[PDB]
Amino acid sequence: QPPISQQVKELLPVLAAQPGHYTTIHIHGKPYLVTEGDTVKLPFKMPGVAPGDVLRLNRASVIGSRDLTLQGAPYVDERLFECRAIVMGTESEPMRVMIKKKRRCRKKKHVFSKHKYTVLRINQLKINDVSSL
Amino acid sequence: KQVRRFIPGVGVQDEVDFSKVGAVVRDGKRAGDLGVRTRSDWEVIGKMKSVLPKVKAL
Amino acid sequence: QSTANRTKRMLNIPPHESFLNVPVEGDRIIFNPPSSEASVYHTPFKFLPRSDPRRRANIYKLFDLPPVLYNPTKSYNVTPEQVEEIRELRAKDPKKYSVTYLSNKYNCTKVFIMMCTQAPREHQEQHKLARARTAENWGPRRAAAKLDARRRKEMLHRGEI
Amino acid sequence: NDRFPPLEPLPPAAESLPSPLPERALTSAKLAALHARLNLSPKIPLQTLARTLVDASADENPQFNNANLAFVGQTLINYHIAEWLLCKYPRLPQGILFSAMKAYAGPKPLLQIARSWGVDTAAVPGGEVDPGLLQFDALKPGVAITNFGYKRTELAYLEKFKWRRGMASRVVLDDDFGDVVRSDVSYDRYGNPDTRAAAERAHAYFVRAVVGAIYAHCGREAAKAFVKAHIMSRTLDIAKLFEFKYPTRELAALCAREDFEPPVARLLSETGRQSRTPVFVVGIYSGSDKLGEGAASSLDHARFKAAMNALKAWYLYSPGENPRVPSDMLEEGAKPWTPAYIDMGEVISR
Amino acid sequence: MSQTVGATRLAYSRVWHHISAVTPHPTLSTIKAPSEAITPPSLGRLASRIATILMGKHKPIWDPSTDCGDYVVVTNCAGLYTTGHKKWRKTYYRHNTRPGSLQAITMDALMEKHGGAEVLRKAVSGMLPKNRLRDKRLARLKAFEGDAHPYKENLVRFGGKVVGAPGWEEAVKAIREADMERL
Amino acid sequence: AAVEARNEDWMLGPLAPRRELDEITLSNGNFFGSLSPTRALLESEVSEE
Amino acid sequence: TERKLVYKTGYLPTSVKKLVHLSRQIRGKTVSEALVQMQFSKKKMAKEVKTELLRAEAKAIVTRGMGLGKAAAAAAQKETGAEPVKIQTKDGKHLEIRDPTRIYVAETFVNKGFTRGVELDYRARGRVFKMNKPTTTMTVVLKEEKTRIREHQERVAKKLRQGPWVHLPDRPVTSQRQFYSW
Amino acid sequence: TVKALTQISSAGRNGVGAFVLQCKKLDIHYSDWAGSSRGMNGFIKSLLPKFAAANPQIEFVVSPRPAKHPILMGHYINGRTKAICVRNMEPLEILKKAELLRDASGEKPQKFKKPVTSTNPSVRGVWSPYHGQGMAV
Amino acid sequence: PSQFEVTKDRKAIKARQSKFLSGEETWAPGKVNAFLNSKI
Amino acid sequence: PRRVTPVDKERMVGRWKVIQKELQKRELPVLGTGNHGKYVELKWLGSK
RNA sequence: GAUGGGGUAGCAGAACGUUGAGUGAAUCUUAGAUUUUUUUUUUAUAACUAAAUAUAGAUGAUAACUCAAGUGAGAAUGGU
Ligand SMILES: [Mg+2]
Ligand SMILES: [Mg+2]
Ligand SMILES: [Mg+2]
Ligand SMILES: [Mg+2]
Ligand SMILES: [Mg+2]
């Protein structure tokens with residue numbers, strides 16, 4: 001695979017050494033700034049998953065700490081970090097009614113919408129050691 | 001990683017871990033064929049009153 | 001606005017300028033010291049053990065002082081023999097030889113005079129009653145403002161302020 | 001009657017037993033769900049998971065109850081939580097090292113862990129209730145678990161006459177969490193503050209037993225993983241367990257002990273002076289180094305808050321987020337052990 | 001959500017900013033060359049900048065509903081810079097709903113009764129959202145005719161150097177270099 | 001009235017009112033725990049069935 | 001623990017808009033205070049409110065046993081030299097309760113009953129309109145001073161529980177964005 | 001002197017370290033006489049056996065309930081319940097509803113407001129005007 | 001109400017009022033308001 | 001096999017055996033209406 | 001990795017609800033049928049869970065399918 005930059009190989013230990021770290025994962029192209037332990041509530045029902053399934057996220061746009069920040073041009077290389085989540089199940093919203101109406105017309109058309117949402121749980125977010133790479 | 005799911009038209013699918021690699025789907029008309037722990041399997045586990053972990057393991 | 005989506009756009013705030021300078025055809029680690037207060041878990045290099053390898057030059061180096069507010073000076077002007085006089089005068093006439101009088105006579109802090117001596121109980125109870133009679137003169141509007149001052153000080157030391 | 005046959009076939013001499021029989025555990029759907037909910041290894045039969053729910057208040061015999069199972073489990077929890085706290089925060093004062101232990105393996109968190117497992121309590125202990133329910137008697141407070149702590153001779157005078165109790169002595173006499181040792185029926189009543197403690201005490205003994213049942217059947221490493229998954233995985237901000245008294249005096253003593261130059265408070269930034277809600281940002285400097293920082297509405301409050309943050313930074317020093325544990329050596333051959341940082345102690349100031 | 005979790009005490013505090021209506025402003029001036037030709041910020045260009053501070057829009061936590069604005073002390077409002085003949089040809093109007101009671105006054109005639117501070121309050125007042133926070137925000141604009149004001153102690157500082165002072169930038173860069181000596 | 005009088009004894013307990021010492025009910029004119037001659041003697045003419 | 005008497009007065013010959021003002025006048029006062037205000041009121045119904053308020057008190061003492069601790073409570077004040085209780089009603093009025101059993105008008109409202117009658121109004125142009133003669137009732141809830149001493153302590157505890165005023169509050173930023181702005 | 005506060009306990013994060021399915025019980029009420037329970041009887045004979053085998057951490061209780069529509073009442077760890085009436089539903093429609101209770105939680109439905117919910121502080125502290133390079137008006 | 005002739009029920013409740021207030025009789029909770037089996 | 005009634009649930013929880021004693025202690029009809037008889041005040045008046 | 005998605009006059013299709021009727025000499029109900037409320041859940045003009053209040057063994061209620069209409073009202077200076 002493409003070798004990691006020398007500048008990133010010399011500053012990553014300082015990034016992984018600081019107390020806290022955050023990441024901006026990308027699910028289907030949309031970003032989500034999360035940290036280990038956060039509960040992500042996706043705005044869609046992920047098909048083909050059940051509560052207790054482990055997902056390996058591999059599209060990270062930005063991984064950084066307080067002072068430093070690692071940025072990949074399209075995305076950060078997968079070999080540098082390891083972010084995993086667990087499906088916490090599905091959640092729904094209260095049924096909302098939209099009334100489409102025009103003035104001086106009695107017909108009121110109703111639209112009933114009740115969407116489901118997949119809830120994740122970031123249970124791992126660590127930076128790998130690239131001393132070998 | 002996936003958990004044990006029941007496919008309506010294919011049967012019970014055992015848990016699989018892709019990191020260590022196996023989608024095996026067992027179907028039948030008896031609980032034992034599905035591959036899950038039944039009441040019979042829970043009674044033999046209770047009668048094995050002789051099993052004991054190693055001394056060093058404790 | 002009319003919809004929750006239109007509101008989000010009107011209330012938008014762009015990310016920091018440092019994040020906009022995204023690399024091109026490569027990954028890099030940029031140095032972005034935030035304009036925020038650091039937590040207590042960022043131990044300073046002066047508190048790190050000598051064995052801790054994490055000690056390292058400033059991250060900036062890898063790529064006078066402000067005004068004085070409180071600088072006290074400890075003084076020891078009371079000799080061992082003078083401490084006995086402070087204990088005899090206080091117990092002899094606590095009304096005349098108050099801690100303020102003894103503090104100025106021996107050039108000490110009012111707290112120190114109380115460290116080596118304590119007025120008799122009959123005089124201490126008289127001091128508490130004095131402050132208890134002054135508290136009854138406060139109205140509902142002042143008695144509640146003085147109670148908050150005592151609650152804000154406790155909350156401050158509990159980490160809640 | 002003839003129209004309503006019994007749903008659960010039971011002998012006539014069943015409502016008189018203290019707790020359901022062992023074989024009753026093999027026909028309850030709650031145990032089979034609770035056993036699989038926790039992913040317990042199949043080496044733990046349903047008869048054992050049923051014994052971890054029978055509190056000593058429901059059964060008086062040394063067997064059939066949860067007395068001895070909870071003790072062996074309490075030792076593992078108290079041990080794995082202690083060594084992990086000293087490796088993560090080796091400078092924590094002894095007073096806060098107890099609140100942190102009680103905040104993880106105390107009756108309060110364990111009660112939440114028991115409820116997070118879907119464990120429903122029984123109304124009254126009896127042989128008719130299904131073994132899948134936590135059964136205890138909150139009306140009887142005579143239940144107690146053997147503790148390694150000893151009774152203080154001055155206990156009588158301690159609570160009455162407000163005598164002093166040193167922190168250094170709590171390590172030998174007091175309990176594991178620093179507390180002092182030994183500190184017909186009519187149901188026409190309401191809940192009491194004592195029954196609330198008895199119910200909370202029953203839940204704690206259950207979670208501890210499950211760690212004991214895993215220890216006897218699955219071994220040591222299996223119990224450590226269980227404690228490391230449910231108890232250690234919880235979150236706690238130790239910075240909020242601090243309550244300082246005269247912090248400026250303690251910070252001056254800290255620098256004096258480590259030979260650092262006297263701390264000096266400097267006004268980094270200020271605004272709104274002579275207002276209702278000003279902001280004074282002061283920083284305590286030990287010569288040229290900046291120890292702590294604080295921003296309050298009063299000049300004194302800003303200096304005090306700066307001292308606390310300078311102390312918290314000293315006590316909250318952590319070698320790493322996931323530090324090695326001395327128990328990692330008694331397992332299968334691993335890398336050699338490296339000496340851990342041992343703090344000299346907390347600062348005792350005026 | 002973690003971004004917001006923390007101590008927001010200092011993010012909502014009221015900062016006391018300061019600006020002089022006579023000091024040349026390379027950013028708010030239309031003349032940018034030569035150095036000696038740079039003018040101060042015009043009335044409307046200064047009010048547009050102040051209105052942004054009174055709204056707290058310069059903060060990354062701005063919300064139109066929360067009154068997270070700041071204070072602004074403007075001095076030397078007597079030497080308010082204006083272009084053309086605005087000072088003598090601009091007119092301010094008034095009406096109390098009684099026909100015939102149309103009050104008119106020019107800028108210079110309005111600067112003789114209430115000084116240049118009143119001309120700047122009308123400019124900032126029109127640039128603020130017309131709602132229930134308009135009077136609270138406009139009250140945080142303390143404009144004075146000369147260099148004197150009662151807030152010389154309130155102005156935000158950084159190491160004893162008031163912002164806008166000759167050597168205020170050096171005092172800021174010295175405090176950040178000391179904050180980097182920590183994990 | 002007995003539906004409302006029984007719920008008060010259960011709740012009030014030691015403060016249950018002395019209804020026997022109360023006034024008459026103007027809706028019918030009867031004292032507490034007392035019938036009316038028309039109902040105690042059953043003098044009300046009934047149908048033939 | 002607390003005694004209470006709900007008394008519904010008889011059918012008074014007046015309207016709701018007329019009697020509503022005589023019920024708000026006795027609200028919160030003691031039975032003795034209200035009886036003195038109805039005796040010197042120029043309203044014709046003030047005489048009917050005084051008689052009904054005396055009957056309500058006669059039932060409060062016999063049926064409910066209210067206001068039967070004056071002799072015992074009076075002793076603790078003069079015999080032991082005790083300090084009376086100082087409370088503050090919901091409206092802010094300061095009281096000095098020396099007898100916790102003193103009966104007072106806790107709640108009061110007025111309802112409208114049946115129609116007294118109908119009078120015909122013969123106007124011009126041969127028009128006729130019915131004039132309804134009203135008939136309203138009043139319901140007073142009497143309680144002892146033990147209820148006010150409790151409702152006051154609850155108000156005080158609710159204020160000391162709202163914490164003190166902090167200069168720099170930690171107000172939340174209620175807007176999430178998947179990036180850092182600082 | 002530093003005194004410890006004894007009123008703060010740890011909080012649990014389900015999913016970090018160990019995952020516990022919230023649904024702990026599922027009641028399946030049918031009727032032998034009601035016509036609306038014809039499909040529920042088919043779900044209990046063909047789809048419940050295997051669906052109950054794949055979810056060993058859920059207690060299933062099949063009991064009759066004549067003169068009443070069929071319902072799927074699930075009990076969760078938080079203490080709340082969710083009952084779904086499946087009258088006039090085919091067996092495969094019962095399974096799609098049973099999976100809704102299995103995946104769901106006791107929490108009430110809420111409108112989508114914010115994706116991420118966090119309890120730990122910001123890695124980069126909240127913005128402060130006194131910890132930056134200053135601002136010149 | 002002020003003109004209604006006082007009946008024997010109101011003449012009896014006024015004599016009891018003078019007995020309780022004076023202190024002759026001591027008030028006690030009712031025992032015939034309802035016939036319950038609990039008796040508490 | 002049959003409908004689970006509020007009595008069955010109490011038996012599983014263990015409360016039922018306690019309810020029998022109290023209801024029996026107060027002479028109350030455990031699982032029944034008793035032997036008191038129906039309301040016969042309006043019936044004696046000829047109510048249809 | 002199917003295609004399609006505004007709508008008046010107007011045309012067409014598919015359903016719910018209300019009243020009564022058949023299966024019905026059926027089913028269920030003090031181990032609570034029924035209770036104009038409140039609450040809870042489900043793609044929801046509807047039904048459902050629970051709670052509170054009262055107490056019915058049938059002149060009570062009732063699924064499912066079908067039959068027949070005095071079957072659905074913010075609008076007529078509408079009527080009571
Ligand atoms: Mg005429
Ligand atoms: Mg379209
Ligand atoms: Mg009801
Ligand atoms: Mg008809
Ligand atoms: Mg109409």
# chains A, B, ... in the order shown; residues from 1 in each chain; ligands from 1
>>> interface_residues(of="chain B", to="chain H", cutoff="6 Å", atoms="only C-alpha atoms", output="JSON, numbers by chain")
{"B": [4, 5, 6]}
>>> residues_near_ligand(ligand="ligand 3", cutoff="10 Å", atoms="only C-alpha atoms (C1' of nucleotides) and all ligand atoms", output="NGL selection string")
:K and (35-38 or 51-54)
>>> atom_distance(atom1="CA of residue 111 in chain E", atom2="CA of residue 165 in chain E")
28.3 Å
>>> select_by_dssp(residues="range 12-182 of chain G", states="helix (DSSP H, G or I)", output="ChimeraX atom specification")
/G:16-25,31-39,46-62,70-78,146-160
>>> residues_near_ligand(ligand="ligand 2", cutoff="12 Å", atoms="only C-alpha atoms (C1' of nucleotides) and all ligand atoms", output="PDB file with N, CA, C and O atoms (P, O5', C5', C4', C3', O3' and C1' of nucleotides), in the first residue's frame")
ATOM      1  P     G K   4     -39.375   7.211 -13.641  1.00  0.00           P
ATOM      2  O5'   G K   4     -40.794   7.598 -13.035  1.00  0.00           O
ATOM      3  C5'   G K   4     -41.893   7.883 -13.884  1.00  0.00           C
ATOM      4  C4'   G K   4     -43.201   7.775 -13.143  1.00  0.00           C
ATOM      5  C3'   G K   4     -43.429   8.777 -12.025  1.00  0.00           C
ATOM      6  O3'   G K   4     -43.847  10.046 -12.491  1.00  0.00           O
ATOM      7  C1'   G K   4     -44.036   6.617 -11.286  1.00  0.00           C
ATOM      8  P     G K   5     -43.569  11.358 -11.610  1.00  0.00           P
ATOM      9  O5'   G K   5     -44.497  11.150 -10.335  1.00  0.00           O
ATOM     10  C5'   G K   5     -45.913  11.222 -10.439  1.00  0.00           C
ATOM     11  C4'   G K   5     -46.539  11.622  -9.130  1.00  0.00           C
ATOM     12  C3'   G K   5     -45.981  12.910  -8.535  1.00  0.00           C
ATOM     13  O3'   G K   5     -47.005  13.645  -7.871  1.00  0.00           O
ATOM     14  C1'   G K   5     -45.583  11.115  -7.045  1.00  0.00           C
ATOM     15  P     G K   6     -47.418  15.092  -8.432  1.00  0.00           P
ATOM     16  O5'   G K   6     -48.565  15.589  -7.451  1.00  0.00           O
ATOM     17  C5'   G K   6     -48.247  16.175  -6.200  1.00  0.00           C
ATOM     18  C4'   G K   6     -48.836  17.555  -6.076  1.00  0.00           C
ATOM     19  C3'   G K   6     -50.328  17.671  -6.341  1.00  0.00           C
ATOM     20  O3'   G K   6     -51.114  17.295  -5.224  1.00  0.00           O
ATOM     21  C1'   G K   6     -49.177  19.387  -7.496  1.00  0.00           C
ATOM     22  P     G K   7     -52.394  16.344  -5.410  1.00  0.00           P
ATOM     23  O5'   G K   7     -53.504  17.310  -6.010  1.00  0.00           O
ATOM     24  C5'   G K   7     -53.850  18.520  -5.356  1.00  0.00           C
ATOM     25  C4'   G K   7     -54.498  19.484  -6.314  1.00  0.00           C
ATOM     26  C3'   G K   7     -55.718  18.954  -7.049  1.00  0.00           C
ATOM     27  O3'   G K   7     -56.902  19.076  -6.282  1.00  0.00           O
ATOM     28  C1'   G K   7     -54.232  19.948  -8.596  1.00  0.00           C
TER      29        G K   7
END
>>> residues_near_ligand(ligand="ligand 4", cutoff="10 Å", atoms="only C-alpha atoms (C1' of nucleotides) and all ligand atoms", output="PyMOL selection string")
chain K and resi 19-20+69-70
>>> write_last_selection(atoms="C-alpha atoms (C1' of nucleotides)", output="PDB file, in the first residue's frame")
ATOM      1  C1'   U K  19     -77.194   2.020  12.738  1.00  0.00           C
ATOM      2  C1'   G K  20     -79.830  -2.629  12.563  1.00  0.00           C
ATOM      3  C1'   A K  69     -79.527   1.662   5.105  1.00  0.00           C
ATOM      4  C1'   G K  70     -83.679   7.193   8.325  1.00  0.00           C
TER       5        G K  70
END
>>> residues_around(residues="residue 301 in chain D", least_positions_apart="5", cutoff="9 Å", atoms="only C-alpha atoms (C1' of nucleotides)", output="list in words")
residues 153 and 156 of chain C; 280, 294, 295, 296 and 306 of chain D
>>> write_last_selection(atoms="N, CA, C and O atoms", output="JSON list (two decimals), in the first residue's frame")
[["chain", "number", "residue", "atom", "x", "y", "z"],
["C", 153, "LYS", "N", -19.48, 30.25, 47.97],
["C", 153, "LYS", "CA", -18.13, 29.92, 48.41],
["C", 153, "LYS", "C", -17.97, 28.42, 48.59],
["C", 153, "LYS", "O", -16.92, 27.85, 48.26],
["C", 156, "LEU", "N", -17.90, 26.87, 45.16],
["C", 156, "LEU", "CA", -16.62, 27.12, 44.50],
["C", 156, "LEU", "C", -15.60, 26.05, 44.84],
["C", 156, "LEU", "O", -14.89, 25.55, 43.95],
["D", 280, "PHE", "N", -12.21, 37.45, 35.87],
["D", 280, "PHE", "CA", -10.80, 37.57, 36.22],
["D", 280, "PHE", "C", -10.12, 36.24, 35.92],
["D", 280, "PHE", "O", -10.41, 35.23, 36.56],
["D", 294, "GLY", "N", -7.37, 29.68, 36.39],
["D", 294, "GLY", "CA", -8.73, 29.80, 36.87],
["D", 294, "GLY", "C", -9.39, 31.09, 36.43],
["D", 294, "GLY", "O", -8.75, 32.13, 36.37],
["D", 295, "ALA", "N", -10.69, 31.02, 36.12],
["D", 295, "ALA", "CA", -11.46, 32.18, 35.69],
["D", 295, "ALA", "C", -12.74, 32.23, 36.50],
["D", 295, "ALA", "O", -13.63, 31.39, 36.31],
["D", 296, "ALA", "N", -12.85, 33.21, 37.39],
["D", 296, "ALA", "CA", -14.01, 33.39, 38.24],
["D", 296, "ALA", "C", -14.46, 34.84, 38.17],
["D", 296, "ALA", "O", -13.90, 35.65, 37.42],
["D", 306, "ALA", "N", -7.90, 28.81, 40.68],
["D", 306, "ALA", "CA", -6.64, 28.50, 40.03],
["D", 306, "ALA", "C", -5.83, 27.50, 40.84],
["D", 306, "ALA", "O", -5.14, 26.64, 40.28]]
>>> residues_around(residues="residue 77 in chain D", least_positions_apart="3", cutoff="7 Å", atoms="only C-alpha atoms (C1' of nucleotides)", output="list in words")
residues 73, 74, 80, 81, 105 and 227 of chain D
>>> atom_distance(atom1="CA of residue 144 in chain C", atom2="CA of residue 276 in chain D")
17.5 Å
>>> residues_near_ligand(ligand="ligand 5", cutoff="8 Å", atoms="only C-alpha atoms (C1' of nucleotides) and all ligand atoms", output="ChimeraX atom specification")
/K:75-76,78
>>> residues_near_ligand(ligand="ligand 1", cutoff="12 Å", atoms="only C-alpha atoms (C1' of nucleotides) and all ligand atoms", output="list in words")
residues 122, 123, 124, 125, 126, 127 and 128 of chain G
>>> residues_around(residues="range 47-49 of chain G", least_positions_apart="5", cutoff="10 Å", atoms="only C-alpha atoms (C1' of nucleotides)", output="list in words")
residues 9, 10, 11, 12, 13, 19, 22, 23, 26, 34, 35, 38, 39, 40, 41, 42, 54, 55 and 138 of chain G; 1, 2 and 3 of chain I
>>> atom_distance(atom1="CA of residue 114 in chain H", atom2="CA of residue 89 in chain A")
17.2 Å
>>> interface_residues(of="chain D", to="chain E", cutoff="7 Å", atoms="only C-alpha atoms", output="ChimeraX atom specification")
/D:267-274,289-290
>>> write_last_selection(atoms="N, CA, C and O atoms", output="compact mmCIF listing (two decimals), in the first residue's frame")
# COMPACT_ATOMS: atom_id res chain seq x y z
N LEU D 267 -2.30 37.98 36.97
CA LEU D 267 -3.56 38.29 36.29
C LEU D 267 -3.33 38.19 34.79
O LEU D 267 -2.85 39.14 34.16
N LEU D 268 -3.68 37.04 34.21
CA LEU D 268 -3.49 36.85 32.77
C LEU D 268 -4.38 37.78 31.97
O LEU D 268 -3.90 38.48 31.06
N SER D 269 -5.67 37.81 32.27
CA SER D 269 -6.61 38.64 31.55
C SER D 269 -7.80 38.94 32.45
O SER D 269 -8.20 38.12 33.28
N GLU D 270 -8.37 40.13 32.27
CA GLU D 270 -9.53 40.55 33.04
C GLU D 270 -10.40 41.45 32.18
O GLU D 270 -9.91 42.14 31.28
N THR D 271 -11.69 41.44 32.47
CA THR D 271 -12.64 42.32 31.80
C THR D 271 -13.85 42.50 32.70
O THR D 271 -14.18 41.63 33.51
N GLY D 272 -14.51 43.65 32.55
CA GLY D 272 -15.70 43.93 33.30
C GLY D 272 -15.47 44.31 34.74
O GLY D 272 -16.44 44.38 35.51
N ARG D 273 -14.23 44.55 35.15
CA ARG D 273 -13.98 45.04 36.50
C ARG D 273 -14.88 46.23 36.77
O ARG D 273 -15.09 47.08 35.91
N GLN D 274 -15.43 46.28 37.99
CA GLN D 274 -16.45 47.26 38.35
C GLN D 274 -17.73 47.02 37.54
O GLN D 274 -18.26 47.93 36.89
N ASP D 289 7.04 28.56 34.98
CA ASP D 289 6.08 27.56 34.56
C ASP D 289 4.69 27.90 35.09
O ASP D 289 4.55 28.40 36.21
N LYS D 290 3.68 27.60 34.29
CA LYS D 290 2.28 27.87 34.63
C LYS D 290 1.66 26.58 35.17
O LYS D 290 1.42 25.64 34.41
>>> closest_atom_pairs(of="chain D", to="chain A", cutoff="9 Å", atoms="only C-alpha atoms", output="JSON lines")
{"residue": "D:318", "atom": "CA", "partner": "A:19", "partner_atom": "CA", "distance": 9.0}
{"residue": "D:320", "atom": "CA", "partner": "A:19", "partner_atom": "CA", "distance": 8.1}
{"residue": "D:321", "atom": "CA", "partner": "A:19", "partner_atom": "CA", "distance": 7.4}
>>> residues_around(residues="residue 4 in chain J", least_positions_apart="2", cutoff="10 Å", atoms="only C-alpha atoms (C1' of nucleotides)", output="VMD selection string")
(chain D and resid 4 7) or (chain H and resid 63 to 65) or (chain J and resid 1 to 2 6 to 9) or (chain K and resid 31)
